[PDB]
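The lines below spell out each chain.
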Amino acid sequence: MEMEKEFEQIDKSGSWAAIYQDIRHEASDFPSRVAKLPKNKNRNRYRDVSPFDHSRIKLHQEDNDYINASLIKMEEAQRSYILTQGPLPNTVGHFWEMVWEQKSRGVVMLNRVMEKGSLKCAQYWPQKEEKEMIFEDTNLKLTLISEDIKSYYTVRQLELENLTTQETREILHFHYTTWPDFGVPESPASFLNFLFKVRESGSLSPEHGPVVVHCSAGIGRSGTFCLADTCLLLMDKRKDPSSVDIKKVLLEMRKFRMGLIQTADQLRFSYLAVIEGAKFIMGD
Ligand SMILES: COc1ccc(CN)cc1OC
């Protein structure tokens, strides 16, 4: 089934929980042996969210190449994304190693450091220009260069440097700060706007390494971001709404990382965002 008639038709029954639960049953299940090894226990923020072994990103440090991060490769769209958990205090360093290795231009953050009174992520970036960060055991220094704080999001320009070698890179930090503590936003417009900024930056483009995307577990809000982006690009490819099938795209994405889209409320919101973002895409 166009997706908005289908939307209308799901919305007037209440098959969302119904549809969601169906995706869950048919999703891929692949092994995660590396994530589960003893030595790696302290590198996982959550027990039940692990990267599969076939798509996990691997550090270049022979010693322990483990990070909770997955490469989501979308062949047709010529899009790749790295989805990862919010860094722990002890993996902060790992996180910036990955970025550097993979040649990413942008980092997309969809959570706040504290939510519902608890801590969801380490503070992995510098808050003032004059107070730069150096990691342990990593040989990297991160410097805040500038920020631009708006009402729904904040964009930071950052400088990442290799101390061993002296190489410098500009990294852009796209931080969506207004996702509510419970549920999903009322309107997707702010989220669509944020997506487009990221896209306008060059961060999602093929000439660079994959964008690094994360929330607390790196599957829910993060899945919403990558799903909508891809569905819309597919929409530009051949200018055709009915041709793009969101459910099938979501299952394909779930071959690379487990659990993408955590609630049925998040699936409805994904649907919402695409239908509406689709009224850019088709020439308006
Ligand atoms: C940049 O190049 C492309 C990127 C994406 C698509 C996606 N269908 C096609 C492209 O060819 C030009």
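Residues numbered from 1 in each chain as written, not as in the entry; some residues may be left out. Heavy atoms only, no water.

Comments concerning the nonpolar core
By size, the foremost hydrophobic cluster in this structure holds 57 residues, and its most contacted members are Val108, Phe194, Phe225 and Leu267. Dropping the residues within four chain positions of it, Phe194 is found in contact with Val108, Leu110, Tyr153, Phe174, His175, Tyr176 and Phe225. Core analysis: the second largest hydrophobic core is formed by 25 residues, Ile67, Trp100, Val107 and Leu142 among them. (Core = buried A, V, L, I, M, F, W, Y, C linked by side-chain atoms within 4.5 Å. Buried < 20%, exposed > 50% of the residue type's maximum accessible area, 1.4 Å probe, protein only. Contact = heavy atoms within 4.5 Å.)

Describing the packing of helix α4 (residues 189-200) against helix α7 (residues 264-281)
It is the contact of α4 with α7, at a shortest axis distance of 10 Å, that shows an interaxial angle of 65°. Note that α4 runs across α7; the crossing there is right-handed. Of the residues in α7, those touching α4 at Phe191, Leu192 and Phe196 are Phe269, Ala273, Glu276, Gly277 and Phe280. Class assignment for the residues of the contact of α4 with α7 results in 6 nonpolar, 1 polar and 1 charged. (Axes fitted to C-alpha atoms, helices over the stretch in contact; angles between N-to-C directions. Helix = DSSP H or I, 4+ residues; strand = E, 2+ residues; numbered from the N terminus. Left-handed = near helix turned anticlockwise from the far one by under 90°. Nonpolar A, V, L, I, M, F, W, Y, C, P; charged D, E, K, R; others polar.)

Focus: the UniProt feature "active site" in the protein chain
Here the UniProt-annotated "active site" positions come out as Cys215. Among the structural elements, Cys215 can be located in the loop between β11 (211-214) and α5 (221-238). Not counting residues up to four positions away in its chain, the partners in contact with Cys215 are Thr84, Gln85, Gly86, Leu110, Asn111, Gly220, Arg221 and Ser222. (UniProt positions renumbered as here; feature names shortened; annotations may be inferred.)

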